[PDB]
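**Q** Dropping the structure in here first, questions after.
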Amino acid sequence: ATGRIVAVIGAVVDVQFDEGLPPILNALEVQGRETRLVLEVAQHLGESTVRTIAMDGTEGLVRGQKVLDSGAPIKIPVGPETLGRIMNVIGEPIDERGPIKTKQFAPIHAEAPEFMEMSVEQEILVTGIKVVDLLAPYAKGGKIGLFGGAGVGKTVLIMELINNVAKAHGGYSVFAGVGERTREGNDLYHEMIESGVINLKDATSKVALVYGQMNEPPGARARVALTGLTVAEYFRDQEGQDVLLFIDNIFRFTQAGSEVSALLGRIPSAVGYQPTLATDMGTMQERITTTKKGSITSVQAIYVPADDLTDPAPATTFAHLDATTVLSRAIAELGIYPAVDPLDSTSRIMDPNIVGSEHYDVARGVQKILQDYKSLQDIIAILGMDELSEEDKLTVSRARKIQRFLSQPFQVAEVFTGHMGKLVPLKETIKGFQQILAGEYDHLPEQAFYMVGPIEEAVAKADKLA
Amino acid sequence: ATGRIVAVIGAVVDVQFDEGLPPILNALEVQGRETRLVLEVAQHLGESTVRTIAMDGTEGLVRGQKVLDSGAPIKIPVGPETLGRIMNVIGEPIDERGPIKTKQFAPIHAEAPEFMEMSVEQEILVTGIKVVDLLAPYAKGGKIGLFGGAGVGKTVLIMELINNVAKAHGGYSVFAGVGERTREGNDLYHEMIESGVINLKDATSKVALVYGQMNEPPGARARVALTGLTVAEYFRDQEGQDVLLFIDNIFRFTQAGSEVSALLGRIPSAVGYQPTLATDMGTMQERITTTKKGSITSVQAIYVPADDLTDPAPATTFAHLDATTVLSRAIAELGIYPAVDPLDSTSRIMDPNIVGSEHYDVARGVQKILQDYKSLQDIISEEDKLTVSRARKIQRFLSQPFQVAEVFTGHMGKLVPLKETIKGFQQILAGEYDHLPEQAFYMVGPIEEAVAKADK
Amino acid sequence: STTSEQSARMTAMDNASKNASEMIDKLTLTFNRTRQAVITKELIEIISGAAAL
Amino acid sequence: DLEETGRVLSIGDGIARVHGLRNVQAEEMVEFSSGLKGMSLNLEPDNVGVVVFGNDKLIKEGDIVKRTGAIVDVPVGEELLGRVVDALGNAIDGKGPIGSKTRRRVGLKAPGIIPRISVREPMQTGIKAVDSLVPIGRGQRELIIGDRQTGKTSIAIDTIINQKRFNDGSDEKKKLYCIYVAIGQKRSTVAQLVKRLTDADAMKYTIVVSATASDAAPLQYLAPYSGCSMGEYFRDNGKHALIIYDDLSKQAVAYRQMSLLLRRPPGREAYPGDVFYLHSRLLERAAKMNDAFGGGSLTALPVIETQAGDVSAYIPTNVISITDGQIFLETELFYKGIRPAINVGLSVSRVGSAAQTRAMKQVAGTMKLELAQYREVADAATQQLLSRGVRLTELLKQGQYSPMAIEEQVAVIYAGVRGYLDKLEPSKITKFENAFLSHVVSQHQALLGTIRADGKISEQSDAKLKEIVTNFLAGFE
Amino acid sequence: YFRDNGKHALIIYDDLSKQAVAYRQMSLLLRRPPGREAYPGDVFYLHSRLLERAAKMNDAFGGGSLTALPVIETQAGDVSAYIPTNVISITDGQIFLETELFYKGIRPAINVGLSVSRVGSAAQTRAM
Amino acid sequence: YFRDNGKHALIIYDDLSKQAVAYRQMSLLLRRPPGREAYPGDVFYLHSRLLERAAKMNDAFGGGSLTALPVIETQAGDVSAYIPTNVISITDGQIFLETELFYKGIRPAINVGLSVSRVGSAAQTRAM
Amino acid sequence: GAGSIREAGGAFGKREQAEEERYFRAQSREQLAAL
Ligand SMILES: Nc1ncnc2c1ncn2[C@@H]1O[C@H](COP(=O)(O)OP(=O)(O)OP(=O)(O)O)[C@@H](O)[C@H]1O
Ligand SMILES: Nc1ncnc2c1ncn2[C@@H]1O[C@H](COP(=O)(O)OP(=O)(O)O)[C@@H](O)[C@H]1O
Ligand SMILES: [Mg+2]
Ligand SMILES: [Mg+2]
């Protein structure tokens, strides 16, 4: 079927068909372009006219330009041949290594797994990060979301997780860069080549990369996450593999939809977002899941606009996650890194019957003492430290020591900090925090717990200060 | 070109033409009215219809009433014959003294001076006022935010700036009463008449008044600043003068622009301001500058909504301000006149590369000793009583008698040159007058008058 | 001890006033920010209600 | 002929609805009968919406709009160096037309992942605080964010003036061509800036793009992209360019004006939903290329003005999410005479550390550590930390329009971090600094030349440095 | 069905904020004009015509009942938001949960100061 | 009529908040573009052309006068609301009344710190 | 703004209420034994 362009507004293109109106979500190819310009049908306008979202720039489009219907949605190559390669939103290679020669192509639009396919296994996933493993531990096959404002450490944390989990991972991995820095994608590509996780010479590569970055028009930024989902879903279903899916940044998805929502002719919702924010997010996120056919452990960095966690996009994302690591700018200005907010990060396996009564008690006691410190903060700020009781001063001192000991030097942060990274086992974390809560280190200064690994390094640093 | 009214909604009038559609910003004259009604084109709506904002009330307008195209934007009489007179936004006299018999008329809409007409280095505008010239000097072709309203001698300072720029530089002044209270406009007119700045009998008037009243539609209040700026532009570009232009108030200029934009159906921006807030402010302020012929220095009264300095209207105005003069009541109730707050008044040309090293060091020493005196007063040592004495003498020597007050107080007015101010404060800081009493510096001009008052 | 204590209380209340003024300045900034945001949000609601007719 | 020409149906809100132009492309430049230009934004079934690059006063209903057949582009090349142009590439300095042979589209997409390489070589600003603590590399995007009148334009101008020591030499590799885009500034400020660059002889390698406060909002929106295209010309031909956008806050305000006049849904602070894309597609074009693409680079120093120091606002956080780090300027510091008022605990350079030279590394690692300790403290052990930190923050101060060579900065930071300043009282530090510099410039150009050619400090150069510093400190007031 | 047959039922709506969001989406896409926070004008009617169907019947109608436990998620503890205040004005009492109480060890984090039951002791056993 | 015939009149608008509300209703129903708090663009123009008609005439025009006492009700002392801001900007001063002063026994509850008269002592007698 | 410390329900309003209740329960115990 062939139609003709009748209107071009930004990323939105109206196409009028004389015969054979293409279904919604079909991919159309514009004729007369130097590169492949794909339009995805979004609405049927009536009078044999459809409204489409362009996957590339619409500059140079002329009213009346011919458009062919492919007969199917955007289909990307899926298989083990995509491992070690970089593809864009429409499945084309962008690594200059030639065609991705798979034996099967999958549409980026698919149905979410049914209710009878869901899994319930909730085994922990130790990450080596003290605050994560202690207070909001991740689960294998679960959904992890890293919230944070601009420049608080979402990319640093997700790169630390790639270093600590994906290399030690037995299955495959997919990194979907969505609306982020292109130089960050170049860094990740070359670092994965250096570390052997991507092999340019044989078929031993373990990661597939899908990049649509912040230089892309809103259609590509809205569908590149779906392309990454399709790759991970193939690896989960047809291969039965355990997949790792890193999405940085998923908020861009929502934001991209916002950018087109006005041009699609829809009445705006709260804060100018599309009225379909929650259902679009749900349609996308329900495919990011572990079924009883295969497992997908998902780590999604979630941008928080203007540091407002009540913004509709992060507020809607909160319900789709099994673990949330909420980074805070206030904690990042105290020098504590990672900037995890220990009273805002949660996990669903923080359950005595899952992590053990010892782990549960240490975590809950840490959170109790931090909440008590936060309650005292007002009086401490106005009436000074001296107007408290003895137990209040002891609580403040222990809470500050715990705040310091929650920080940790990362191996991805070695370059701009000099401090060698630390991977702290879960038992050593539980032991160190149990000991701090007990009072076994009430004599050491609080600066001794700042940016160390296990508690033995804390006592060594204490003996090195004095 | 003749058209006819097709719609009247409040202060918005849609006028349809049959030949020769008028460009945007042209003035149209409504026909068959007892008083002059002027519309200003804002948009071309299509089908030979333009939308316009009225400069006066639209009551009694009939659909089909004839409207004449004037052929240019609002044109106002410009010349030395506007000095001492009052005109409204459309240039007609509102003081009942007869027509303004200038030889030329200028359109109130003009583009800012080009790039190659700008001055490439900033110079100082000496006002003869000691605290201003020393601590927060004015730049030629700059904008000055005048803070403080009633009870701090704002009108006395305005009239003294007019008088001093007329004497020292030979440059006239324009005063634009944007959103002016009619009672306070009459008051200002009569204080200018009594203080000799306006003269109703000979041609020695120093200021020209342009009043856009508070009871006029928002278009008149949005264009009165341009009318005053057009008079000042004539005085600069045709007589090579260093003109003064007062805008009271500038927040009301922003408010009128916001109301006009809301009347035209445009979507409000943040806090309810017009979406074109920055470009409206810019198109107005960029015409206030130093060209190769002369300059226009603008003193603009700043009102801050809800005391919020990050509000869009002050935040947009502050991007154009080159200096700040804060009139404080804590200084007036202390006895000092003018009531300029010497620690809150700022300047961008208070820079050793602009005013020189000597001026900068004297001003910085004065400000440091005044801050030290505030600190010491907070706790009320060896030489700190000497700092208290020197700082009190500096506070007294910041005062000055004005000429525009000579009739009411008897004291002669002083126009202190810049060098005499710099050296007087330098000497007081060095200690050359640590024996002269405290009240030998109060209400004097140069430091020689301080020693002559100490003799007595 | 009475003189030592009166001096200490004077300095302590001075410090408390200083800290209270600091918190007042930060909260005044936050308040102006929030009131501007509230006015903008109400305008946007009214404008979107009017644009849907 | 309504295929190459159209008639204006309506004009207003900066948009012209035109009837005709059936063969016009999206984002194509059109020419109005009055001499103005526009961009085809909305191709519709019965009209074309045109964004006018100029005043709507000059366009009437019924005017003829011809189409130029070219997607919006600007003249690029070496012929723009030393010229002041507007957002469309037209010279506004009266020196005649631009003799350019090449044009480049202003909305070209940034390079992909493959054409890029890591930032490796330094972009020297000549400012001790920046070059030591927040180093910038070629191909980086470093944001200059701060309140009004905190010294942001001064940092940009010091960088541009500093590039003269490399643009005069014979090392074609180390040359850097500068572009300064003024967006919503005062016209007199831009004239005085061009005068400052002409005095310092920094105009012969600088392009100035001027869209000032009296220019229409579409021109202030277009200016950063025109400047970026002029810079991409160098980036794509093996040369290195630095671009300053002063500032992106006013470009965002101009774009919000254009968007609200198009009836588009406002969001936070009434900004459109694509105000992040507006800056992201721009600042992504600053890249370092690998050697298979010429090896050139384009460095971007965007400027952002905050309101009362709020860096968690919408536009500041957007640009912080786009760039590779930020240089915070505080009003508290600037008021206390600490200038450049760079906050060291808040500024950062993510990718610039790999670009810092080895000598500057050797001194700046110690300087940064000592400053971190001085910040984390403020007896007889921490008193030394406080003294060293006070001396170092006095050493970090600097004047205006006088950038320093990297070897002189290295010598000064050496004299600061090895401990030869703990004797002096702080109020004299600056004095010593200046005098010391003169000494090393007057009679010790050989050690400076060796440090400059070697890129590091050898034990021989370290010994000579200790000798010179001890001798000068001995006979110094 | 159970309420009308002499049997007793309990229903939990988890949660009604997401139902309000979905109704807002449907209404905005049906081009019905938005109200506060873009919600339709009749979101209160949406929830009140639902929560009025929980009732205790008399003996002539079977004696069955239907208890309703709607759930509402607030943002940053803003009980004063649109949908929270709607549902609070509808129901017969609230059980307020707090994050501070949760992390201070109080689990379930019920705020007994704010949590009210408009029925109260009328629906307790005598020992309790 | 009195101001024009050498006589002196006083007028009390009680109050202008309700007139602004009525005008806002008339304007919103005429589909005029709403502004801040849905008020039309020319509500300041409304109150300003109403209040500028109170004037003291010179002796050549009869010497009469018209004094105006507009009343404005604020919500929780918010003088930065739209209509309070407009009317405070238009008038020559304001008598500000408080609730704390009222219940502290101070009746009339005139806050003298916040009250101001810009005419001042020119409107007094030599004894006062 | 009289009584705004207790009205804000912060860490200072809770301690104010605790102080009032402590003092006046002590005074009530002192006044009941003398009745
Ligand atoms: N390093 C410095 N040393 C001394 N003075 C300085 C320094 N930097 C800036 N200044 C002074 O502070 C003034 C304002 O600095 P500058 O204009 O560069 O900052 P800005 O943030 O761009 O201001 P604006 O908001 O107007 O754009 C300058 O005129 C200059 O005199
Ligand atoms: N774990 C960390 N340790 C030290 N610094 C960090 C850490 N995480 C973030 N930072 C600092 O915050 C900056 C921003 O890092 P990044 O993760 O890229 O921000 P974003 O949240 O936007 O992804 C880093 O350059 C670094 O200076
Ligand atoms: Mg990131
Ligand atoms: Mg600047």
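Here chain A follows Swiss-Prot for its numbers: 59-524, in order, are the residues you see.
In case you wondered, yes, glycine gets a Cβ from its N, Cα and C as well.
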**Q** Going by Swiss-Prot alone, which of A:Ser128, A:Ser415, A:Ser455 is annotated as phosphoserine?
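**A** A:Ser415, according to Swiss-Prot.
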**Q** Which of the listed positions, A:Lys201, A:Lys225, A:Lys426, A:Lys459, does Swiss-Prot note as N6-acetyllysine?
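**A** Of the listed residues, Swiss-Prot records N6-acetyllysine for A:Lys426.
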**Q** What residue among A:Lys198, A:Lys432, A:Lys519 has an entry for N6-acetyllysine in Swiss-Prot?
**A** A:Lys198
**Q** Work through the recorded positions one by one (A:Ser106, A:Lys161, A:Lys198, A:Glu238, A:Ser433) and name whichever has its CA nearest to the CA of A:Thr213 (ATP binding site).
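**A** Of all the candidates listed, A:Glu238 is nearest in space.
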**Q** Using C-alpha atoms only, work out the spacing between A:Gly209 (ATP binding site) and A:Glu238 (Mg(2+) 2 binding site) and round it to an integer in Å.
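**A** Rounded to the nearest whole number, the Cα-Cα distance is 13 Å.
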**Q** Counting Cβ atoms within 10 Å across all protein chains shown, which of the recorded positions A:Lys124, A:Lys212, A:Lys259, A:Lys264, A:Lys522 comes out on top?
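**A** Its Cβ has the most other Cβ atoms within 10 Å: A:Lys212.
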**Q** So if I take the recorded positions (A:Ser106, A:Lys198, A:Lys212, A:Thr213, A:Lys522) and measure from each Cβ to the nearest atom of ligand 3, which come out below 6 Å?
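**A** Those recorded positions that pass the cut-off, since their Cβ is under 6 Å from ligand 3, are A:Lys212, A:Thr213.
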**Q** For the ATP site (A:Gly209, A:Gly211, A:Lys212, A:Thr213, A:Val214, A:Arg239), what does the 8 A shell look like? I mean other same-chain residues with CB within 8 A of the CB centroid.
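**A** Surrounding the site, in chain order, are A:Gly206, A:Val210, A:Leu215, A:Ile216, A:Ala359.
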**Q** Out of the recorded positions I have (A:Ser106, A:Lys124, A:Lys161, A:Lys198, A:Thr312), which ones have their Cβ sitting under 6 Å from ligand 2?
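**A** None, by Cβ distance under 6 Å.
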**Q** Below 8 Å between Cβ atoms and chain D: which of A:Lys124, A:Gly209, A:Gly211, A:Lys212, A:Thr312, A:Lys522 make it? I'm asking about the recorded positions.
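**A** The answer, in sequence order, is A:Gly209.
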**Q** For the recorded positions A:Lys198, A:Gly211, A:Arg239, A:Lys259, A:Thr312, A:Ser433, return the ones with C-beta distance to chain G below 8 angstroms, or 'none'.
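**A** Sorted by position along the sequence, the hits are A:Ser433.
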**Q** Under 8 Å Cβ to Cβ from A:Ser106 (O-linked glycosylation site), same chain, six or more residues apart: give me those in sequence order, or none if nothing qualifies.
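**A** Listed in sequence order: A:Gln74, A:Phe75, A:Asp76, A:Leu79.
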**Q** Short of 8 angstroms on C-beta distance to chain E, which of the listed recorded positions (A:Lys133, A:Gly211, A:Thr213) are there?
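**A** Near chain E: none of A:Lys133, A:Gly211, A:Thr213.
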**Q** What is the interatomic distance between the Cα atoms of A:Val214 (ATP binding site) and A:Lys161 (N6-succinyllysine), given in whole Å?
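**A** Each residue's Cα considered, A:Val214 (ATP binding site) and A:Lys161 (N6-succinyllysine) end up 36 Å apart.
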**Q** Taking Cα atoms as reference points, rank the binding-site residues A:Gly211, A:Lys212, A:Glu238 by distance from A:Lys522 (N6-acetyllysine) and give the first.
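**A** Nearest candidate: A:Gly211.
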**Q** Just name the winner among A:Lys133, A:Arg239, A:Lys426 (the recorded positions) by count of other CB atoms within 10 A of its CB.
**A** A:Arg239
**Q** Work out the three-state DSSP category of A:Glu238 (Mg(2+) 2 binding site).
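**A** Assignment for A:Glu238 (Mg(2+) 2 binding site) reads coil.
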**Q** So, three-state DSSP: helix, strand or coil for A:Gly209 (ATP binding site)?
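**A** Where A:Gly209 (ATP binding site) sits, the three-state DSSP reduction gives coil.
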